[PDB]
Amino acid sequence: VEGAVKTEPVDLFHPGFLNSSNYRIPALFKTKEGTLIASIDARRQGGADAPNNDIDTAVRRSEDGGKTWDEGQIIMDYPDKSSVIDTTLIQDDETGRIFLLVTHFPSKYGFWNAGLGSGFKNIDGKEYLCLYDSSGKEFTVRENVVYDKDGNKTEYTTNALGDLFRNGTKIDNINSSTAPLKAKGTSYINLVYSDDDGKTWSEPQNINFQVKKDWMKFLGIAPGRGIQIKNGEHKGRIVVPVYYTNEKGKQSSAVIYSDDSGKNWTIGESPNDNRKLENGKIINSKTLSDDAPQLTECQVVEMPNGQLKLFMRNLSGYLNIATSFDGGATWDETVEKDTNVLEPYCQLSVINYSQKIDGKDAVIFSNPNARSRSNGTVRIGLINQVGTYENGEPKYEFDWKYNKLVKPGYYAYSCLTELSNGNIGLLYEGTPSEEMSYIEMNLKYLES
Ligand SMILES: [Ca+2]
């Protein structure tokens, strides 16, 4: 219509950018200062997931509302087919610190063959990263010094990038396929941060010791963004969607969260914990042994009173939504299936919108509206309180009042942001692993 805006797509990442052949897995976030940060997997050896690749994390910034973007930078890169995969962005409003988290695998490891547990061992009240030699002998890294099983210092030291030094000379990296001492072959959650609006980034901090349980095999970032809670008793809490597998390989969603501006993290329960299924049975994420109830990648939004809603990739064919009354620590037993929203087993994006639409609080949602990864559609969901739970808490559901096709044909992972001008930015996989497309839309367009 007149005044409607939908910009022509720009290839924000593409083959050749930063000398990467392939790209996947978008994250997009507007900072407190108004800067757009876009992160992505720079998939260097094709488009496949780890372990069949060598994947680095790339970031671009825009200081003019997404009209122009910088030359990009690689902010994490491990050697020899060790990969960082699946990024997420959030910022602490209090300190201004921006966080990017990502899943990290040593060479040869991925989802399917990840070992159990955090990869850390507790020695006298502190968690230390374990290393193993080819015989399976176990060592610990204590303040970057490698100790043997009997507590004796060895000739080895490490750095935060995993480099392995013998008497101060680098010989390998503990994440490579050739190191004489290697980290456990499993998933790790890495965190980096920026205190200058995304221009420079810290080295990765491995937070597996805080968030990964002994019985988890895979634990990964659910890519996109996090939130910081605005209302209620958990105001200020930083919440980052994740998902994990149990010993039987079955997937369950959750969030990790920090109440101290990102310094310390913990993981909450999954909506699969004490979940009541349609058949009336109760399950738990630790014991889940069936494929059908799996809950995987997810994104979280906040209701008017602070209540959290976790929107989840799943196997039902439709959107699933979980509810938390305690800031992500636990979830209500009922996972809602919203049959107005197809979910063809793919990542989705959902964000809060800052102003009311048609007199209602609203969210913006993006995914492939089909039984395949196609028909990419952005929706406006208006929030309605439809009743209360037995515990007296408000019960909220969504009215998907406006639903707009934005990408005919291929559409896979995506990430939304609200822009400074009130419009919506969207970075999406409009090709399987090549060009990643950015557009800006206004509400006039979305409602048309
Ligand atoms: Ca690399």
Side-chain angles (χ1 to χ4, degrees), residues 12-27 37-61 70-89 99-115 119 129 131-132 141 144 157-165 170-194 198 200-208 218-221 223 413 429 432-436:
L12 189 57
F13 299 101
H14 52 81
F17 191 78
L18 295 168
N19 297 317
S20 186
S21 56
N22 297 85
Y23 277 98
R24 281 205 65 189
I25 319 305
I37 297 175
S39 62
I40 198 75
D41 288 8
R43 299 200 171 190
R44 303 288 197 170
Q45 295 179 1
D49 287 349
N52 301 136
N53 216 321
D54 189 319
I55 308 169
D56 303 332
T57 300
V59 170
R60 293 185 82 172
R61 298 173 75 253
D70 71 9
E71 294 194 290
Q73 57 181 309
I74 298 297
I75 66 168
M76 278 175 283
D77 170 3
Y78 292 88
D80 192 29
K81 303 182 70 187
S82 175
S83 287
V84 276
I85 182 166
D86 297 335
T87 64
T88 189
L89 290 161
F99 300 95
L100 180 152
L101 296 85
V102 71
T103 309
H104 174 221
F105 291 104
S107 189
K108 303 191 185 302
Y109 291 88
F111 177 87
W112 300 98
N113 67 352
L129 186 69
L131 303 176
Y132 302 86
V141 185
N144 297 102
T157 56
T158 68
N159 66 19
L161 301 183
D163 294 337
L164 183 64
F165 304 85
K170 179 177 175 185
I171 62 167
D172 212 313
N173 180 292
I174 68 183
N175 301 293
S176 87
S177 71
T178 56
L181 295 168
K182 292 175 173 171
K184 176 161 281 178
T186 189
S187 64
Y188 300 91
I189 304 296
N190 278 351
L191 177 155
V192 297
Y193 61 84
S194 174
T200 66
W201 297 88
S202 68
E203 297 185 308
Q205 182 191 13
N206 181 344
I207 64 168
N208 245 26
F218 166 82
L219 168 66
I221 293 308
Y413 287 39
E429 300 188 322
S433 59
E434 292 63 57
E435 295 75 32
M436 301 287 109

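In listed order, ligands and their atoms are each counted from 1. For the single chain, residues carry numbers from 1 onward in sequence order.
Judged by distance alone, the side chain of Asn53 and the main-chain N or O of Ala48 form a donor-acceptor pair under 3.5 Å. Distance alone, capped at 3.5 Å, places no donor-acceptor pair between the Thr103 side chain and the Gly220 backbone. A distance-only check finds no donor-acceptor pair linking the side chain of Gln205 to the backbone of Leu191 [under 3.5 Å].
Within the sub-3.0 Å shell of the Ca ion (ligand 1), the protein contributes these N/O/S atoms: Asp54 OD1, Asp56 OD1, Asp77 OD1, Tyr78 O.
Residues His14 and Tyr23 keep their aromatic ring centres 6.0 Å or farther apart.
Nearest heavy-atom pair, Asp80 versus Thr178, reported as atom, atom and distance to 0.1 Å: OD2-N, 4.0 Å.
The closest side-chain donor-acceptor pair between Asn173 and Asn175 falls under 3.5 angstrom.
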